[PDB]
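Colleague: This block holds the first chain(s) of the complex, placed as they are in the complex; more will follow:
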Amino acid sequence: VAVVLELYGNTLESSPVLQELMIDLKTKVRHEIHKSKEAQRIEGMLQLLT
Amino acid sequence: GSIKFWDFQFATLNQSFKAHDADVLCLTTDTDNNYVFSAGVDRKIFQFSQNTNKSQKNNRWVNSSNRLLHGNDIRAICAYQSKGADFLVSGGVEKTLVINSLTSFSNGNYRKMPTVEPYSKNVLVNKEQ
Amino acid sequence: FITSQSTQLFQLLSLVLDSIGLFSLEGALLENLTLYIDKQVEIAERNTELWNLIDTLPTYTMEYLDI
Amino acid sequence: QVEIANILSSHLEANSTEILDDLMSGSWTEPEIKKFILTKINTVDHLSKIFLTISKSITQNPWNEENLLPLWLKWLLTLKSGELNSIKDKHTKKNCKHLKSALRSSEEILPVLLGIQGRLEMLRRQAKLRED
Amino acid sequence: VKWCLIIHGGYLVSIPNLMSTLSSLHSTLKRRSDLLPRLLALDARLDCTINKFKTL
Amino acid sequence: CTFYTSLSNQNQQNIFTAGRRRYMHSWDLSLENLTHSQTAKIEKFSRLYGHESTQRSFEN
Amino acid sequence: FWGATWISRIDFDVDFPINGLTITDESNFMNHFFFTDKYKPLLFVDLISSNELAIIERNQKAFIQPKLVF
């Protein structure tokens, strides 16, 4: 995904369908960030128990 | 895609070259039959050469070179030579002419004619209205 | 003092919160610590975004001719 | 809004040391920061000055609570990137390394905080459950 | 899992060994955290391009 | 199958054999390969150098 | 004056400063200044008004011969 954005920045502007393919992607990648942050939190407290 | 050289008197095959990747639609040769130029669907113009004296004594052709000059098929090819002219003119589905030199086909320069040269105008504009 | 390189102080603090234990911690002070940590997490996320950013024809057109 | 923008524009032309104070003015909002960058930062010299001031400030205190200066940096990088790298000043490259070094720490600092945040959250919940 | 640790935290503390019996949990949780540094990097680039055409 | 003796190097003897296959076998009988040797020196000819389409079998 | 790929303008009241793939033409055929090549190829060029110039321009599957890129 990093390459295609770095390689098709201009085609991105002129294509609407590509734009929504990122909008949902940004929402999904954001959701993964929340899970990974959440996983770190359960990881932190699990250390406290032991 | 094959170019074959047949002996006329015996009606037998002398040489076969699997040169093109698709149909060979047109062939042409120079005045002295030192070069044979083939072109077709694969957009390439192949040169077969027998200019060397050793080639002539043995009557063996050599797949000297090829060039990719067209964006589409090459339907027609023709050649002309004189004391002041040396042309290899080709064209096809691209709708444009390409001009090369027969003697210096491998390394010589080439010209791609404009698709439309409006010697006769197909458009007019009216200043009023 | 904390509520008032930093990880080597914070990671040390995380060791404190493990050493102190669940029971010994007090709710009143814990709230202040929670407000502090949530403050740093927001900032740390902000800086991470900045760091990544640093690492990162018409049919008819009207024009004026110069003559 | 218009007054501060005109003041900031004048200070950039005047090489004033007050450029930083203009940038921290509370009147600034995100949309006009975008408008200022797109409309008024038309010369590379002005762009370099704003980056140098912001980057130097952030380098000194990357943990400053004022989100405005980071907000300037974010949109300045997002909107004007193609020519920020076009700036060939050596000091501009050096200050970029300093800024990256300061922020690079913070990215390393984040995972520890999230763990500390998590262990506290359990403690608050357990205390609440014990109370109930 | 989050509620199990919170509610039964007292009982879990009084266990002779946790890592050997909770080894799978720690490994599973460790993998998710490793995504966070790279996901932020991807997110920043997505935001950089996402901001770009939205204003344009 | 057929014997072959090099017209120049009389010491060179060889057997060529072929069948309804896309390969040919050559068996070098030179020196003591024919009788004394415990093993046979066999080579397989299977490469036509771009002319596979013309040839389907080495049998003839 | 305009051709297939060029447009030119010449003022006839002012004198100019004095300072291969075609027949060599050894044989006979029988028996103030503006130049631009930005606009091409041209179907037709002419003036709509005194200050308006109308330039008209030109706006199939092929055998695939890939271009290697590393």
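Modeller: On my side now, so go ahead. Residues are numbered from 1 along each chain as shown, chains lettered A, B, ... in the order given.
Colleague: how close does residue F:46 get to residue F:26?
Modeller: According to C-beta to C-beta, to the nearest Å, residue F:46 and residue F:26 sit 11 Å apart. For every residue, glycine as well, the C-beta is placed using N, CA and C.
Colleague: Of those two, which one has the most company?
Modeller: residue F:26 (15 against 12; other C-beta atoms under 10 Å in any protein chain shown).
Colleague: Give the bridge partners for that one, please.
Modeller: Beta-bridge pairing for residue F:26 (DSSP bridges): residue F:16, residue F:43.
Colleague: if I pick it, what's in contact with it?
Modeller: Residue F:26 makes contacts with F:14-17, F:42-45, as judged by C-beta atoms under 8 Å, 6 or more residues apart in numbering or on different chains.
Colleague: can you do 6 Å?
Modeller: F:14, F:16, F:43 (C-beta atoms under 6 Å, 6 or more residues apart in numbering or on different chains).
Colleague: which one among these gets closest to chain C?
Modeller: residue F:43 (60.3 Å; C-beta to the nearest C-beta).
Colleague: And the helices in chain D, which stretches?
Modeller: Secondary structure of chain D (DSSP state H): helices at D:2-14, D:19-23, D:30-40, D:44-60, D:68-84, D:90-131.
Colleague: also put chain H on there:
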Amino acid sequence: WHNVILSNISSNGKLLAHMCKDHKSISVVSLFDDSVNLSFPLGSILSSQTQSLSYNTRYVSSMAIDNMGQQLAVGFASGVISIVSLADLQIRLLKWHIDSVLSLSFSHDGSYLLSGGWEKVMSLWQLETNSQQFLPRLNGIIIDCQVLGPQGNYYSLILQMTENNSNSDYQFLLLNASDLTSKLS
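Modeller: Let me add chain H to what's already shown:
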């Protein structure tokens, strides 16, 4: 001869071809006889497009001379091989190598051309029909190729194994021409 940039000797060992800076010129000389003595600038051989293009196209990395002296193969850093007919300096372009060609060698009869380079693939160009036979996945890049025998029974190759940057790891490979199997490594 002065300022010798590149040199090669025929398989028979009776002709010498060499490139000198007297840009550059190629000269071929009979070594035991005066029968062959020719010289010509490299500019005549080089294509005009090469003169337009970068220096890789005009840089010769390999050179081979036929036993009869009728043909001379020049390999370029671009990967393009050009066989030159010495009688009339006619060029023939053979283009398969994507990177620089390191080894060129003619067969004894001159009808085949061994070529090798960074591809780790040895190509026998059949010059009658311009075809080619391949031996790929060799152990290293081919520094040198030779046809070694009265009837071309064997091919002797030198391999480099460029993975090891610390040292140059040469390997000598003697292949059976009949079935292209390693007769002696």
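Colleague: ok chain H is in now, so what about the contacts of residue F:26?
Modeller: F:14, F:16, F:43.
Colleague: Produce a ChimeraX select command limited to the buried residues of the residues you listed.
Modeller: This is how ChimeraX selects the buried members of the contacts of residue F:26, with burial counted by 16 or more other C-beta atoms under 10 Å in any protein chain shown:
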select /F:14,43
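Colleague: Of the contacts of residue F:26, just say which sits nearest to residue A:41.
Modeller: residue F:43 (70.9 Å; C-beta to C-beta).
Colleague: The most centrally placed residue in chain D - nearest residue in space that isn't next to it in sequence?
Modeller: Geometric centre of chain D, nearest residue: residue D:70, 2.0 Å, by C-alpha atoms, centre = their mean. Spatially, and ignoring its direct neighbours in sequence, residue D:70 is nearest to residue C:46 (5.7 Å; C-beta to C-beta, 6 or more residues apart in numbering or on different chains).
Colleague: now residue F:42
Modeller: The nearest residue in space to residue F:42 (C-beta to C-beta, 6+ apart) is residue F:27, at 5.4 Å.
Colleague: and the one you found, how many residues sit next to it?
Modeller: 18.
Colleague: go on, residue B:105?
Modeller: With other C-beta under 10 Å as criterion, residue B:105 counts 23.
Colleague: go ahead and place chain I:
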Amino acid sequence: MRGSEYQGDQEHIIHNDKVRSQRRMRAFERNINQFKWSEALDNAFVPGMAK
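Modeller: Adding chain I to what we have so far:
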């Protein structure tokens, strides 16, 4: 063809060189072997392709 099943029991020397064909390659593996980088990517995203 009455000798197809002899198997050379009574013979002095048996010579074996037959090599079994490699296991059938998929479309994506063939494209990679032939240096078809773009087509290999296309074979990645096709209906009914294992994740």
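Colleague: same question on the neighbour count of residue F:27, but now with chain I added
Modeller: 19.
Colleague: Was I right to think it contacts residue F:13?
Modeller: No - contact criterion C-beta atoms under 6 Å: residue F:27 and residue F:13 do not qualify, at 9.4 Å.
Colleague: quick one on the thing from earlier: distance of the residue nearest to the centre of chain D relative to residue D:17?
Modeller: Noted for residue D:70: a distance of 21 Å to residue D:17, by C-beta to C-beta.
Colleague: what comes up buried for stretch B:86-101?
Modeller: So for stretch B:86-101, counting by 16+ other C-beta under 10 Å, buried means B:86-94, B:96, B:98-101.
Colleague: So what touches that stretch?
Modeller: B:39, B:69-80, B:102-103, B:108, B:110-113, B:115, G:21.
Colleague: change it to 7 Å
Modeller: B:37, B:39, B:45, B:69-80, B:102-103, B:105, B:108, B:110-113, B:115, G:21, G:60 (C-beta atoms under 7 Å, 6 or more residues apart in numbering or on different chains).
Colleague: List the buried residues of the helix or strand hosting residue H:26.
Modeller: Assigned by DSSP states H and E, residue H:26 belongs to strand H:25-30. In terms of neighbour count (16+ other C-beta under 10 Å), strand H:25-30 has its buried residues at H:25-29.
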